[PDB]
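Written out below as structure tokens is the structure these notes cover.
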Amino acid sequence: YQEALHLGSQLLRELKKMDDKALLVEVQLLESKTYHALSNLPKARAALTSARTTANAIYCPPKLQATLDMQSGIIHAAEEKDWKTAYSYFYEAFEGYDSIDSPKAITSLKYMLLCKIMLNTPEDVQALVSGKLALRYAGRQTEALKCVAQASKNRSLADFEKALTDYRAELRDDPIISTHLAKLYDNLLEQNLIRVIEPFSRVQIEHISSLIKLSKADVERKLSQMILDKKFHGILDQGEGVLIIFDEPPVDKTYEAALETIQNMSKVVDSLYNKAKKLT
Amino acid sequence: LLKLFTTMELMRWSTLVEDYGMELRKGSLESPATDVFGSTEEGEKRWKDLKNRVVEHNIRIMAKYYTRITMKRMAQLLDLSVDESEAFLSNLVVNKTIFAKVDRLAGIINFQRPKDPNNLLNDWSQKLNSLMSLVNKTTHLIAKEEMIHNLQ
């Protein structure tokens, strides 16, 4: 994807001057697709802005117009800045892919239920799978989304792992948004962990890991990673399993004191330079 | 109502079982008890969640006192299983039980003994105790010194 993006960019450097700028929409669209494949948001926003200022006067068939809105919603959904605008881009993209292609439509509504399931609202998912309009485009793809929405409205974890286990043979071809799905899994995992551990100052690991009936390997690794991220006060244990939570409120004392010592060292050293200069 | 007003002493509900039974038997007053138990599930929710509401409300009352009731023994005196007490704790996690301390080895819980910042907690207690002894000692000293003047 490196030589294709570089060669394509150098092709744009000599094709922006050539007439019939409507052809540049394909190579700039693929440019945004490979910038998202390389996980580069700023340059995808600059080249995407070039695609907007290019397709503002150019009005090619909606085969390329709706893909700009869909890929725009994917770019905005990569950083998770605002789900409303991205949901609007996926909505207009679904309006563009309406009744033109079955896989593009099922992946358009799949992207709608994705960007809308990321904001924790399954009621609209049920409203979209209960309507007769989107019912004719249903299939094996939307079943996994119904399992994700069911696990989200039920606040279950082992059921979500069951959705990631039984449907992995339609989750094997899942797009790069798999990292976002793991971010939702880790989000509900964070909610449960800060839900059951918070009232338990010191408790058994099996008494608190029994309700979730999961192994302590992945949970222990995620917990240790979150303490290493220093988001809250806590520490794990393996031999005894003792949980200890503590904090150090007076932080502004040692910092200001250390700054006074470090700043005054230069004062005394400069004084020794003035005296050492005036004496010898 | 007087037992449910304040200072709920830990007593057995078996004495209230026959009180509710005769509450369903007598018809001179509070007659529509069968109307309270009209539905097959609503009355069961009111009874189970009523005994649950008092068996949690008494915990909310004794939570103010720091006497360390040792609920491990209280579960033995109440003759109930610890599983539904863990479910009661599952009602405490939403009942704002964040101010507590548990133990991994034993089962004794602690509703007190915080980190105790000496600048706020011990400072406040030393202010109320020391200052209360200062002004309180100041009142009865010269007050009694003026009370003994009438003997002359």
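Ligands are numbered from 1 in the order shown, chains are lettered A, B, ... in the order of the structure tokens, and residues start at 1 in each chain.
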
Practice task
Restrict the distance test to only C-alpha atoms, flag each residue of chain B within 12 Å of chain A, and return the flagged residues as a PyMOL selection string.
Solution key: chain B and resi 83+86-87+89-111+114-119

Please list as a short mmCIF file (atom, residue, chain, number, x, y, z; two decimals) with C-alpha atoms, in the first residue's frame every residue within 6 Å of stretch 106-118 of chain A, counting only C-alpha atoms and excluding residues in the same chain fewer than 2 positions away.
data_model
loop_
_atom_site.label_atom_id
_atom_site.label_comp_id
_atom_site.auth_asym_id
_atom_site.auth_seq_id
_atom_site.Cartn_x
_atom_site.Cartn_y
_atom_site.Cartn_z
CA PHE A 90 -23.61 6.77 6.99
CA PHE A 94 -27.22 4.40 2.84
CA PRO A 103 -23.98 -6.45 -0.51
CA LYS A 104 -23.43 -2.69 -0.54
CA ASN A 120 -24.92 2.35 23.22
CA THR A 121 -28.47 2.66 21.88
#

Problem - Distance query residue A:30 at most 10 Å, only C-alpha atoms, self and fewer than 4 positions along chain excluded, as a VMD selection string - result: chain A and resid 4 to 5 8 24 to 26 34 to 36 71

Write out the residues from the selection above, keeping C-alpha atoms, as a tab-separated table (two decimals), in the first residue's frame.
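Output (selection.tsv):
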chain	number	residue	atom	x	y	z
A	4	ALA	CA	0.49	2.40	-4.56
A	5	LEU	CA	-0.19	5.47	-2.42
A	8	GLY	CA	-0.90	7.35	-7.00
A	24	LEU	CA	-9.63	11.90	-10.00
A	25	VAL	CA	-12.55	10.92	-7.74
A	26	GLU	CA	-11.66	7.23	-8.08
A	34	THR	CA	-5.48	3.28	1.66
A	35	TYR	CA	-4.90	6.13	4.12
A	36	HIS	CA	-7.50	4.45	6.33
A	71	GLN	CA	-15.56	6.60	4.03

Handout entry: Nearby residues (only C-alpha atoms) at most 8 Å from residue A:188, same-chain spacing under 3 positions excluded, as JSON, numbers by chain
Key = {"A": [155, 157, 184, 185, 191, 192]}

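By only C-alpha atoms, and with residues fewer than 4 positions from stretch 163-175 of chain A along its chain excluded, the set lying at most 8 Å from it is residues 140, 141, 144, 147, 148 and 159 of chain A.
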
Practice task
Compile the contact shell of residue B:5 as number ranges by chain: residues with an atom at most 12 Å away, counting only C-alpha atoms, same-chain residues fewer than 3 positions apart removed.
Solution key: B: 1-2, 8-9, 54, 57-58, 61

Exercise for the section: Assign secondary structure with DSSP using the backbone only, and return the residues of stretch 162-261 of chain A in alpha helix (DSSP H) as a PyMOL selection string. Expected result: chain A and resi 162-166+178-196+205-209+216-228+251-261

Handout entry: residue B:85 surroundings by only C-alpha atoms, 12 Å radius, close-in-sequence under 3 positions cut, as number ranges by chain
Key = B: 52, 55-56, 59, 71-72, 74-76, 78-82, 88-92, 107
